Amino acid sequence: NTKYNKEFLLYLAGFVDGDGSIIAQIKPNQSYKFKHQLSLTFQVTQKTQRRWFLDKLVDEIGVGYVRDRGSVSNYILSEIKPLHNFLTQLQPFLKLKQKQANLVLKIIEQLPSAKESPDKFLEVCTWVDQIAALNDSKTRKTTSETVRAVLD
Amino acid sequence: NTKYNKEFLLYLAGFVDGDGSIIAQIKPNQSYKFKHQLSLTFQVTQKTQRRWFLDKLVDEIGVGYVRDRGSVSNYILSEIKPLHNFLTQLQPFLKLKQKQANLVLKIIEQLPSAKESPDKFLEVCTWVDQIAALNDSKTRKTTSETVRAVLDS
DNA sequence: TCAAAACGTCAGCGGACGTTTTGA
DNA sequence: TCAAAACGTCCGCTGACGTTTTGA
């Protein structure tokens, strides 16, 4: 469990508050028991000419990777353990995306028990709704209600 | 001048590296001796629903103001001295916009002597060109080559 | 003749989702 | 039946300019 230098945390907090993205999804996927996968992502974008900055982030944070998608590249961090350890340390300093961060931590700690009872699973999908409503959701398609159906 | 704590500067440097614009312009204006204004602007944008953050920031930074344009709002800092003080203290912690910031700090310092001679003025206008080159510039019209042509008459 | 505010514009995004596959 | 990766893509901006006016 890498503990981050506090100075680096303050900087990163500011950076995450400005151009950070905290994403929670419910993904339709027939291979899962409840027919969807709970997915969490932290993400930052940078024009591809400046992806050298994302690559140094991979080093600094020590986890995640870099996606190129044409004109822009993404730093991506999905791994739930590293992500939990990351947001745990960053959360206290966040001013704008602290709510999303809290919801993600809460969702992560409840993953074990969510995968046992369809009730706990659904309460967890409503936490995903709150994250989506705190962001600027434009194209969201699958919701807790999508899962409330289906589970019937 | 305002002294800023290191904690505030660290957070802000990350914020500015991620989401802040350092904008230098040469504005065609006939009332100025050289027919142009040198304009420096530090700018942040938020959706208006989240104005409170820029409003809060005016308080924290102690200077600048917020403009609502409709769906989005800007924090704006264009006053030269306040802006010098702010960037001077912020420059050491910048990792992405650091070069823009240095350039801006240089321009400000040479402004008093740029008003006195068209040569130093044209020079200061090239440092402005370098800021637009570091930004994602797309709709720029007035460069130093414009000012060169205007001062020739 | 300046510093500063006031306000107009718009196209390449990019924040925020989506679907499918890999590899246990 | 999972975690993560890999990749597709929309739409409301918004970064970075522009012009013009205000007040000393």
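Note that these values count all heavy atoms, side chains included, but never hydrogens, waters or copies made by symmetry. In the text below, chain A, chain B and the rest are named by the order of the sequence lines, each starting its count at 1.
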Undergrad: Just how far, in rounded Å, is P of D/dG15 from CG of B/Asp136?
TA: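 Rounded to whole Å, this separation is 10 Å.
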Undergrad: Check every atom of D/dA4, C/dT1, D/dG15 against the side chain of B/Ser31 and return the nucleotide holding the closest atom.
TA: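 Comparing D/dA4, C/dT1, D/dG15 against the side chain of B/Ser31, the answer is C/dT1.
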Undergrad: Taking the six-membered ring for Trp and the single ring otherwise, decide whether the centroids of A/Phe86 and A/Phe42 are under 6.0 Å apart.
TA: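 Yes; A/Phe42 has its ring centre under 6.0 Å from that of A/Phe86.
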Undergrad: May I ask you to say what A/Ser39 touches in the nucleic acid, namely base, sugar-phosphate or nothing, with a heavy-atom cut-off under 4.0 Å?
TA: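 Nothing, no heavy atom under 4.0 Å.
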Undergrad: Can A/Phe53 and B/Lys95 be said to form a side-chain contact (heavy atoms from CB on, under 4.5 Å), step by step?
TA: CA-CA 9 Å; A/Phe53 183 88; B/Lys95 289 172 194 178; 4.2 Å; yes
Undergrad: When we call it a touch if two heavy atoms are under 4.0 Å apart, what does A/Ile80 touch: a base, just sugar-phosphate, or nothing?
TA: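 It contacts sugar-phosphate atoms only.
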Undergrad: What is the nucleic acid contact for A/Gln25, judged by heavy atoms within less than 4.0 Å: base, sugar-phosphate only, or nothing?
TA: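 A/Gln25: base contact, heavy atoms under 4.0 Å.
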Undergrad: In whole Å, what is the span from the CZ atom of B/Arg69 to the P atom of C/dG8?
TA: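 It works out to 8 Å between those atoms.
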Undergrad: Counting side-chain heavy atoms from CB outward, which of C/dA3, C/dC2, C/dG12 is closest to B/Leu111?
TA: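 Looking only at side-chain atoms, B/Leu111 lies closest to C/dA3.
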Undergrad: Given the rule that positive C1'-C2'-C3'-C4' is north and negative is south, which one is C/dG18?
TA: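 North pucker for C/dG18; the sign of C1'-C2'-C3'-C4' is positive.
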Undergrad: Do any side-chain nitrogens or oxygens of B/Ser137 fall under 4.0 Å of OP1 or OP2 in D/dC17?
TA: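 Yes, B/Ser137 has a side-chain N/O under 4.0 Å of OP1/OP2 on D/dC17.
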Undergrad: Work out the groove (major or minor) whose paired-base atoms are closer than 5.0 Å to a side-chain heavy atom of B/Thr139.
TA: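 Contact groove = minor, per side-chain heavy atoms under 5.0 Å.
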Undergrad: Does A/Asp55 come within less than 4.0 Å of A/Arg51, counting only side-chain N to carboxylate O?
TA: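 Salt bridge present between A/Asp55 and A/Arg51.
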Undergrad: Using a 4.0 Å heavy-atom cut-off across all strands, classify A/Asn29 as base, sugar-phosphate, or nothing.
TA: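 Since a base atom lies under 4.0 Å of A/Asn29, the category is base.
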Undergrad: Could you tell me whether the side chain of A/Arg67 has a donor or acceptor atom within less than 3.5 Å of a complementary atom in the base of C/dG15?
TA: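 Under the 3.5 Å cut-off, the side chain and the base do not form any donor-acceptor pair.
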Undergrad: Measure from the side-chain heavy atoms of B/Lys27 to groove base atoms and call it, major or minor, using under 5.0 Å.
TA: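 Contact groove = major, per side-chain heavy atoms under 5.0 Å.
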Undergrad: For the pair made of NZ in B/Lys141 and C1' in C/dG8, what is the distance, rounded to whole Å?
TA: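 In whole Å, C/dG8 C1' and B/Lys141 NZ are 11 Å from each other.
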Undergrad: When all nucleic acid strands are considered with a 4.0 Å heavy-atom cut-off, which category describes B/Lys138: base, sugar-phosphate, or nothing?
TA: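 The answer is sugar-phosphate, as B/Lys138 gets under 4.0 Å only of primed atoms, P, OP1 or OP2.
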Undergrad: Less than 5.5 Å between centroids and less than 30° between ring planes, does A/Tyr32 satisfy that with D/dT1?
TA: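 A/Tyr32 ring does not meet the centre or angle cut-off for D/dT1; no stack.
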